[PDB]
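*Asks:* I'd like to ask some things about the structure below.
Computed from the coordinates by the stated procedures, all read-outs in this text should not be read as laboratory data. Note that each Cβ is placed from the backbone with ideal geometry, even for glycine, and that neighbours are counted across all protein chains shown.
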């Protein structure tokens, strides 16, 4: 998957 | 929400 | 910050707020590394999937803050950005590899009780401190929960660095050597994480050798906030320090 | 020039005062 930024 | 920032302080 | 506490006054004098001009918005945390340079996550400034592409004039940096929303008269200092520098191999397309950016300030900020730069680690510091079990400290004005959801004042939480295989096994995302993860395991009982708005803030450690605070990480990403069996992922500052040094040396 | 004094907080290290949770960090270092 793709990383989700905070 | 956010208190106004004075123009002279930037 | 989820499951943290209110910062003490002057506890994190390198903490910077990245503040959107219009609408008035907390964008991200950041950190003061000298009188003219602020360190943050690339994705705070550039993130095409959400149409984020902030220019210099879109933002202010507010240094010396404690309250999230108040204008802290006689305490905080507000600087305009001269120039943004994003790591040229910042990988927004996949896993946020090399999630790091520098911001040069228009003018030097004066140091005070509330405003003071953090150190950047050298190889030895990194080798000494970046070990599974060793705790660092994350600070920010981000949300208190995944979802009062927002803090009155700056929040702080101490979190252990996690073994690299445990980090990898918690996610489908491809981890790189330019990241580390931190946070408690389900069986450890204690809790805590960064959350929305904490991005770009510092993960710091106090050297027991010289009693100085070093920024080892930048708040980068995670899957939710404070979920059991998930961990926060941080940009590995030392691994990217050659880039940091090169930008400062030629533009500073 | 600010390198010399980096990471030493005016209200803590400079005055030899400790914040309320820094010991937790120290205790984790072995």
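*Asks:* Being part of a loop (DSSP other than H, G, I, E, B) and closer than 11 Å to residue C:87 by Cβ is the filter here, so list the residues in segment C:35-44 that pass it. Step through it out loud before you land on a result.
*Replies:* From segment C:35-44, those part of a loop (DSSP other than H, G, I, E, B) are C:35-36, C:41; that's our starting set.
C:41 - this is the single residue of segment C:35-44 that is part of a loop (DSSP other than H, G, I, E, B) and closer than 11 Å to residue C:87 by Cβ.
*Asks:* Could you list, in sequence order, all residues of segment C:82-96 that are at the interface with another protein chain (Cβ under 10 Å from one of its Cβ atoms) and either surrounded by 21 or more Cβ atoms within 10 Å (Cβ to Cβ) or assigned to a loop (DSSP other than H, G, I, E, B) (or both)? It would help to see each step written out before you state the result.
*Replies:* Initially, segment C:82-96 is screened for residues at the interface with another protein chain (Cβ under 10 Å from one of its Cβ atoms), giving C:91-96.
C:92, C:93, C:94, C:95, C:96 - these are the residues of segment C:82-96 that are at the interface with another protein chain (Cβ under 10 Å from one of its Cβ atoms) and either surrounded by 21 or more Cβ atoms within 10 Å (Cβ to Cβ) or assigned to a loop (DSSP other than H, G, I, E, B) (or both).
*Asks:* I would also like to ask the following. I'd like to check something: does segment C:214-230 contain any residue that is assigned to a loop (DSSP other than H, G, I, E, B) and closer than 13 Å to residue C:118 by Cβ?
*Replies:* No, there is no match, as no residue in segment C:214-230 is assigned to a loop (DSSP other than H, G, I, E, B) and closer than 13 Å to residue C:118 by Cβ.
*Asks:* Also, quick follow-up: Would it be correct to say that residue C:23 is within 14 Å of chain D (Cβ to nearest Cβ) and in a loop (DSSP other than H, G, I, E, B)?
*Replies:* The answer is no for residue C:23.
*Asks:* Picking from C:32, C:27, which residue would you name as being under 13 Å from the mean Cα position of the chain (by Cα), closer than 16 Å to residue C:106 by Cα and surrounded by 20 or more Cβ atoms within 10 Å (Cβ to Cβ)? Don't jump to the end; show me each part of the working.
*Replies:* Numbers: C:27 fails: closer than 16 Å to residue C:106 by Cα.
One residue alone meets the criteria, C:32.
*Asks:* Would you check if there is a residue in segment C:106-118 being in a loop (DSSP other than H, G, I, E, B), within 20 Å of residue C:37 (Cα to Cα) and away from chain D (no Cβ under 14 Å)?
*Replies:* yes
*Asks:* Can I ask one more? Looking at segment C:49-65, is at least one residue assigned to a loop (DSSP other than H, G, I, E, B), surrounded by fewer than 17 Cβ atoms within 10 Å (Cβ to Cβ) and within 9 Å of another protein chain (Cβ to nearest Cβ)?
*Replies:* No - not one qualifying residue is present in segment C:49-65.
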